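The chain below stands alone, shown as structure tokens; this is the form deposited in one PDB entry.
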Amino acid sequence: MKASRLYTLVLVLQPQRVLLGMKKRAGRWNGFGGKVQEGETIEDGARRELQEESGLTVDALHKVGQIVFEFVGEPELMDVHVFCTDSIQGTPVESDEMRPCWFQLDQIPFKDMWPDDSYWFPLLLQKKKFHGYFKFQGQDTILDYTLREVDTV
């Protein structure tokens, strides 16, 4: 059995568009998030990372999924808690590491996203909740995965 490290992932999903961030320093679009820190709830860590990485604040988030990632050659699992919100305060801000961009929901840039997103982001769009697991060789190749719609995350 492996140890896991906690991470967050936040999708700013509006009725016609989604906000993603491009990793600059790279080339992949993703939600916003990072490692949960000592002492904070997972939801508060998600809000903190959204603000640190995009400039956006939100009063609250909705938890929509949990995904565990395993990478060949890495002993630690990434336990990613996935949140959405439709309600935002301020404008997204580009940094040296991340460039935010809105995409229309008929132009979701799946080929330039993590490959797993093609499987779970459709569920998120349908207001479904999910649990997933994906094993990767490097950045591009999935060797094994499981995905399940759930009623409670």
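Rigid core (definition): largest C-alpha set, two forms, superposition within 1.5 Å. We number the residues from 1 along the sequence you see.
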From residue 25 on to residue 26, does the model leave out none, 1 to 3, 4 to 9, or 10 or more residues of the deposited sequence?
1 to 3
Per the PDB record, is the mean Cα temperature factor higher over 123 to 131 or over 58 to 66?
58 to 66
Mean CA temperature factor from the deposited coordinates, higher in 91 to 99 or in 32 to 40?
91 to 99
Would you mind finding, among 52, 112, 117, 106, the residue with the largest C-alpha temperature factor in the entry?
52
Between 3, 153, 6, 147, where does the Cα B-factor run highest in the record?
153
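Another form exists, deposited in another entry; not displayed. Remarks below refer to it.
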Align on the core first; then indicate which of 107, 57, 118, 41 has a CA shift of 2 angstroms or more between the shown form and the other one.
41
